[PDB]
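There is one chain below, alone, in structure tokens, taken in the form deposited in one PDB entry.
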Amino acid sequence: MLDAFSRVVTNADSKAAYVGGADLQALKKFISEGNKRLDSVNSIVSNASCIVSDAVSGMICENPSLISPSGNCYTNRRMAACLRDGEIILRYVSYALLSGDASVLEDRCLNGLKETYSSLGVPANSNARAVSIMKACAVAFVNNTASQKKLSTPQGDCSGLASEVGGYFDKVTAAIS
């Protein structure tokens, strides 16, 4: 558990929580791979709008009926809700990657989610493709093998963290598919 974020993760208040200085020094030895882990989270959440929009637009170009008049992304209201869900899921995955634990993702995002989507008729095959595109985006940002000049971080091998974040997306896929 990240104790400073206990009220964040239970939605107990809307107050920001801050971990810097000696609290951050200790956080990076509590979690593993601390500097690379925080870099990995940064590269995903700083690109969140594009990851979600590309994933939803990709889900739709593979299955255009989603924005036909009978499709579950038809109208600005439904499209906004779908984009919003994509971001909610991405952000819970980013918190699993920050903390190195899937528990908050499982407990506060996935538990009961499939039953909600079943009640509403939110198409699970399409939802699974949105999640798999978001997964592919996150893995490419974390395990980015371009040259040093194109990277924001000191070059090194982050394939381990890419596999780890991949497994959190797989927990989403198993829960909602």
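Shifts are known only where both forms have a C-alpha. Residues carry their position along the shown sequence, with the first being 1. For clarity, a rigid core is taken as the largest C-alpha set superposing within 1.5 Å between two forms.
Although not depicted, the form deposited in another entry is the subject of the following passage.
Put simply, after the core is superposed between this form and the one not shown, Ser147 is the one residue in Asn125, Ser147, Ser70, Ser119 with a Cα shift of at least 2 angstroms. In that other deposited form, the CA atoms of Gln148 and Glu33 sit farther apart than in the displayed form, by at least 3 angstroms. Cα-Cα spacing of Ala55 to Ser152 is enlarged in that other deposited form versus the present form (difference of at least 3 Å). In sequence order, the runs of at least 3 consecutive residues whose Cα atoms each shift by 2 Å or more between this form and the one not shown, relative to the superposed core, are 12-14, 144-152.
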